[PDB]
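Below is one structure, written out as structure tokens, with a few remarks after it.
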Amino acid sequence: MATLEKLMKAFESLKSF
């Protein structure tokens, strides 16, 4: 699989943005 950033950006860009 290859989508680590797609998994981290959600923990910060989702609502923490």
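The chains in the structure tokens are called A, B, ... from first to last as shown; in each chain the residues are counted from 1, and the ligands are counted from 1 in the order shown.
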Write out as a list in words all residues of chain A that backbone DSSP assigns to helix (DSSP H, G or I).
->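 Restricting chain A to helix (DSSP H, G or I) produces residues 5, 6, 7, 8, 9, 10, 11 and 12 of chain A.
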Selection export as an mmCIF file, in the first residue's frame, atoms kept: N, CA, C and O atoms:
```cif
data_model
loop_
_atom_site.group_PDB
_atom_site.id
_atom_site.type_symbol
_atom_site.label_atom_id
_atom_site.label_comp_id
_atom_site.auth_asym_id
_atom_site.auth_seq_id
_atom_site.Cartn_x
_atom_site.Cartn_y
_atom_site.Cartn_z
ATOM 1 N N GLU A 5 0.886 9.708 3.736
ATOM 2 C CA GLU A 5 0.549 11.155 3.844
ATOM 3 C C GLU A 5 -0.961 11.326 3.739
ATOM 4 O O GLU A 5 -1.557 12.124 4.436
ATOM 5 N N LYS A 6 -1.587 10.556 2.895
ATOM 6 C CA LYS A 6 -3.063 10.645 2.773
ATOM 7 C C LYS A 6 -3.701 10.227 4.101
ATOM 8 O O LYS A 6 -4.874 10.447 4.334
ATOM 9 N N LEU A 7 -2.933 9.623 4.979
ATOM 10 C CA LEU A 7 -3.487 9.194 6.285
ATOM 11 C C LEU A 7 -3.115 10.216 7.370
ATOM 12 O O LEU A 7 -3.803 10.367 8.359
ATOM 13 N N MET A 8 -2.025 10.916 7.182
ATOM 14 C CA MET A 8 -1.596 11.927 8.186
ATOM 15 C C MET A 8 -2.262 13.272 7.899
ATOM 16 O O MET A 8 -2.750 13.935 8.792
ATOM 17 N N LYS A 9 -2.289 13.680 6.655
ATOM 18 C CA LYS A 9 -2.931 14.984 6.313
ATOM 19 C C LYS A 9 -4.354 15.031 6.877
ATOM 20 O O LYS A 9 -4.893 16.086 7.138
ATOM 21 N N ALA A 10 -4.961 13.892 7.070
ATOM 22 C CA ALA A 10 -6.344 13.864 7.618
ATOM 23 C C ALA A 10 -6.319 14.114 9.126
ATOM 24 O O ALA A 10 -7.267 14.613 9.697
ATOM 25 N N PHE A 11 -5.245 13.768 9.781
ATOM 26 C CA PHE A 11 -5.173 13.987 11.250
ATOM 27 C C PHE A 11 -4.772 15.432 11.553
ATOM 28 O O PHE A 11 -4.708 15.840 12.695
ATOM 29 N N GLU A 12 -4.490 16.204 10.539
ATOM 30 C CA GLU A 12 -4.083 17.621 10.775
ATOM 31 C C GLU A 12 -4.828 18.567 9.829
ATOM 32 O O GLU A 12 -5.207 19.660 10.200
#
```
